[PDB]
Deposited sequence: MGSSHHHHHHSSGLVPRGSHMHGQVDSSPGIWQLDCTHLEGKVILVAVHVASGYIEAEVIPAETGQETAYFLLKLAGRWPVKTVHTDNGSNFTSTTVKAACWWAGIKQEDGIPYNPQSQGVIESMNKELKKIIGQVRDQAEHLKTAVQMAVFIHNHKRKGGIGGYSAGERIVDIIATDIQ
């Protein structure tokens, strides 16, 4: 579980926001792309895996699970690519509540930013620094360091 991440794709303003969630901490990384493609999802996973020790990714849908481009990046970066079936139905709810929270935050900043991508990165910053207590950014470093040691 220090190395487990879940992909999530949500839409706003006619664009797509791709998110990766570190399941044990709730920390997130995200980007805006014009549409979800295997190439875009593959590049985002390559970025993520160079920045954190990504052991497993639960893909957000069956097209990204099937995509040989996504499989190629998960091979390149040493990630086990898995499905995203909510065997624990609580996963459904956690992801949906996360997307609603991010869109809330995005609306709260949206007018400080000309482009949606800035607003989304402001929302990533506010989400990861929010104390819920510890923040998700503290929790993910705590968990990985504990695992390293």
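| said: Comparing the deposited sequence with the modelled residues, which stretches have no C-alpha coordinates? | reply: Gaps vs deposited seq, in order: 1-27, 160-163.
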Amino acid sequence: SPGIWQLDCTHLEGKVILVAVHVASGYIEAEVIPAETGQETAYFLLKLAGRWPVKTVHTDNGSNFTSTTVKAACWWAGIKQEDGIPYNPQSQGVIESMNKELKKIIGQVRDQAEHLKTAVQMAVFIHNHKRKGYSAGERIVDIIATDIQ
From here on, numbers count along this sequence of modelled residues.
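| task | Taking the mean of the C-alpha B-factors per stretch from the entry, tell me the winner out of 122-130 and 11-19. | result | Taking the mean C-alpha B-factor of 122-130 and of 11-19, the larger value falls to 11-19.
| task | With reference to the PDB entry, specify whether the mean Cα temperature factor is higher for 2-10 or for 138-146. | result | The recorded data point to 138-146.
| query | Of the choices 90, 56, 64, 99, which one's C-alpha carries the largest B-factor in the record? | reply | Comparing C-alpha B-factors across 90, 56, 64, 99, the maximum falls on 90.
| field | Out of 110, 117, 51, 80, highest CA B-factor residue | value | Going by the entry's C-alpha B-factors, 110 comes out highest.
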